[PDB]
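This document starts with one chain, in the form solved without the named molecule, laid out as structure tokens.
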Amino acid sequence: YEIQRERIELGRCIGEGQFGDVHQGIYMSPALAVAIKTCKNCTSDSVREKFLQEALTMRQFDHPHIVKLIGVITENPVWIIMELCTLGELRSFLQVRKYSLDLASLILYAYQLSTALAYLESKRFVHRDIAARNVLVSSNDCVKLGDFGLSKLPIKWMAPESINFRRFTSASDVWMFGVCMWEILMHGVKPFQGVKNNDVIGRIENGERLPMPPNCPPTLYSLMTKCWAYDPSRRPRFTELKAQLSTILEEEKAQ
């Protein structure tokens, strides 16, 4: 899915990914607003091969809650063309809308994300660059998984087996999603604020967990705590999370 460069009008810098700046632009095939990943060092084929890898691996992915890849330009400057999430990063969206988003919206986002994570697992996709993981906002009622920002290891988000042994499985992704859920219900507050990364594993191994967010339904906090089972085998699967989140969303909308 090689795009002709003259079909792309490169606009302003809107964020960053692991390899360089992300720009807004326009793609005429007309007037589709898109985001364009650029790559600082893609004159080197070693860098170029890594920059493009997931764009190729994820090319045929199509999920409402995952940023869609549109195309690539593999001549220097190498670019990846993808859908534009016009409302930016979910963390800042939640912060600026702290007193204006209903709890039902927060639960909707968690649910949407669970559907995306179940789908990726169904494609046997393993996402290894965990530091790059991010959630973007495409509309008031739609969030999407991405690997770049708009506007080091994430120890405070990681499963105990990942911190201790660098074991990474779907179960470790479930732990991290539990943390994501907590952040959403906290209007974008990061976990373990002010805590040294070094001291996180000690707290977990003392049985401590992130506390129930204000206004979070106890059923949803219960689900988060299951994601944070120390034993990865006792964590729920993404299928179960999706089912359970759907039930929780309905209940909140009925309040």
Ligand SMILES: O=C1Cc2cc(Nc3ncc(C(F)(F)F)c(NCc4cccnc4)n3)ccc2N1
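Numbering starts at 1 and runs along the sequence shown. For the two forms, the rigid core is made up of the largest set of C-alpha atoms that agree within 1.5 Å on superposition.
Just so it is clear, the following notes concern the form deposited with the named molecule bound, a form of the same protein that is not shown.
Visitor: For the form shown, open or blocked once the named molecule is overlaid as positioned in the entry with it bound, with the cut-off of 3 or more ligand atoms within 2.4 Å of backbone or C-beta atoms?
Guide: The site is blocked here, because the named molecule, transferred from its pose in the entry with it bound, has 3 or more atoms within 2.4 Å of backbone or C-beta atoms.
Visitor: Please determine whether each residue of 241, 246 and 252 possesses a non-hydrogen atom within 4.5 angstroms of the named molecule in the entry with it bound.
Guide: Looking in the entry with it bound, the three residues 241, 246 and 252 all stay beyond 4.5 Å of the named molecule (heavy atoms).
Visitor: Would you please decide whether residue 35 lies within 4.5 angstroms of the named molecule in the entry with it bound, comparing each non-hydrogen atom pair?
Guide: Taking the distances in the entry with it bound, the answer for residue 35 is yes, it comes within 4.5 Å of the named molecule.
Visitor: Just checking whether residue 88 would be counted as a contact of the named molecule in the entry with it bound - the rule being heavy atoms within 4.5 angstroms.
Guide: Residue-level check for residue 88: yes, a contact with the named molecule.
Visitor: Taking the shortest heavy atom distance, is residue 84 within 4.5 Å of the named molecule in the entry with it bound?
Guide: It does: once the named molecule is placed as it appears in the entry with it bound, residue 84 has a heavy atom within 4.5 Å of it.
Visitor: Does at least one non-hydrogen atom of residue 227 fall within 4.5 angstroms of the named molecule in the entry with it bound?
Guide: Contact check for residue 227: no, nothing within 4.5 Å of the named molecule in the entry with it bound.
Visitor: Considering 204, 39, 223, 67, which brings a non-hydrogen atom within 4.5 Å of the named molecule in the entry with it bound?
Guide: If I apply the 4.5 Å criterion carefully, the residue I get is 67.
Visitor: Only one of 142, 101, 130, 87 shifts by 2 Å or more at CA between this form and the one not shown when the core is aligned; which is it?
Guide: Looking at each option in turn, only one qualifies, and it is 130.
Visitor: Relative to what's shown here, the Cα pair residue 173 and residue 133 differs by 3 Å or more in the entry with it bound. Does it come closer or drift farther?
Guide: Result: farther.
Visitor: Did residue 73 and residue 128 drift closer or farther in the entry with it bound, going by a CA distance change of 3 angstroms or more?
Guide: More distant in the entry with it bound, by 3 Å or more.
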